[PDB]
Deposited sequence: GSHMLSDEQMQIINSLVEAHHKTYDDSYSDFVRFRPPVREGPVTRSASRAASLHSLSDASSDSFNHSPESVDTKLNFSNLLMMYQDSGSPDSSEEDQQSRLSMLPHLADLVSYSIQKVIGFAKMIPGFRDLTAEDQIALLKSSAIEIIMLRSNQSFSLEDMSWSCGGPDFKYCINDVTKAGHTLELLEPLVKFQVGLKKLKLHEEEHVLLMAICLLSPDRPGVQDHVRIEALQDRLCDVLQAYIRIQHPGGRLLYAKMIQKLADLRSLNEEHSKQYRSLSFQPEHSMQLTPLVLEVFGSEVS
């Protein structure tokens, strides 16, 4: 049995994800096109930049995220945006292809496409293995969105002020996820622990990605290809 306040939280996290994730990927025709010197940085910088707006949209509909001081909202988003991106991209990841497939061969991104955007196998080796292990978990829609919301509501991020308040938020989501799995996911006895482990790998992926973003953003010939929101969110301003 989930409480009534528990399935409300699930109902509004699923709806929030549905409003901010467009399985047609038809907006992708508006990015600077893919070129396959780093030939994919314009298209991928545009793809991330767009995804960041979807994550901001999603975050504003998590129960009580809007209630946080506007400094906490920014602090949560600057540190967690890239992890939510990696999490949410699982929805287009394909085990058959070992690539993110977003409708059409021109929006099918192999590992190689991402190296032609600045990144190395030091980030792309763990990132793909994270993607397949998360794909293997075979999460329900309700679990996927719960995990993204738990990721965003982490108190242990640099620059958060109300440690007390948002730890309580994240506590309320973890209990929903534990109850949902046990009650609604048959054979889920170890699923909660595997999910928690996925959060930990995200911190390791974040760290590597931030390293590699730094080196991009320190070379103006590359950083001029980024967008203004990428530079403001992945940037190091306090």
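Participant: What residue ranges of the deposited sequence are absent from the coordinates?
Facilitator: Missing C-alpha atoms (numbering from 1) occur across the ranges 1-3, 40-99, 302.
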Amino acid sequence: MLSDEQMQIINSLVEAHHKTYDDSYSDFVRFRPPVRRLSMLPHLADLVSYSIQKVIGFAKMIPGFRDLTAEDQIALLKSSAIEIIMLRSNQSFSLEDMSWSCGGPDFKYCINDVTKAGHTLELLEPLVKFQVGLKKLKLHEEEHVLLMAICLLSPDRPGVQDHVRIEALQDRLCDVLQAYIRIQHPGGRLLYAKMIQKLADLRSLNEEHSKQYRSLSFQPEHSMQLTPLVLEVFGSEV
From here on, numbers count along this sequence of modelled residues.
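Heads up, when I say rigid core I mean the largest set of C-alphas that superpose within 1.5 Å between the two forms.
Participant: Superpose on the core, then say which of 27-35 and 178-186 ends up with the larger RMS Cα offset from this form in 9 other deposited structures of this protein.
Facilitator: With the rigid core superposed, the C-alphas that lie farther in 9 other deposited structures of this protein are those of 178-186.
Participant: Please work out which of 48-56 and 23-31 has the higher mean CA B-factor as recorded in the PDB entry.
Facilitator: Comparing averages over the C-alpha atoms only gives 23-31.
Participant: Could you settle it for me: does 77-85 or 164-172 have the higher average Cα B factor in the PDB entry?
Facilitator: The stretch with the larger average C-alpha B-factor is 164-172.
Participant: Taking only the Cα B-factors deposited for this chain, tell me whether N112 sits in the lowest, middle or highest third.
Facilitator: For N112, the deposited C-alpha B-factor lands in the highest third.
Participant: What third of its chain, lowest, middle or highest, does the C-alpha temperature factor of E141 fall into?
Facilitator: It belongs to the middle third of the chain when residues are ordered by C-alpha B-factor.
Participant: Using the B-factors in the PDB entry, rank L68's C-alpha atom against the chain and give the third, lowest, middle or highest.
Facilitator: It falls in the top third of the chain.
Participant: What third of its chain, lowest, middle or highest, does the C-alpha temperature factor of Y213 fall into?
Facilitator: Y213: CA B-factor falls in the lowest third of its chain.
Participant: Thinking about Cα B factors across the chain, which third does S94 belong to?
Facilitator: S94: CA B-factor falls in the highest third of its chain.
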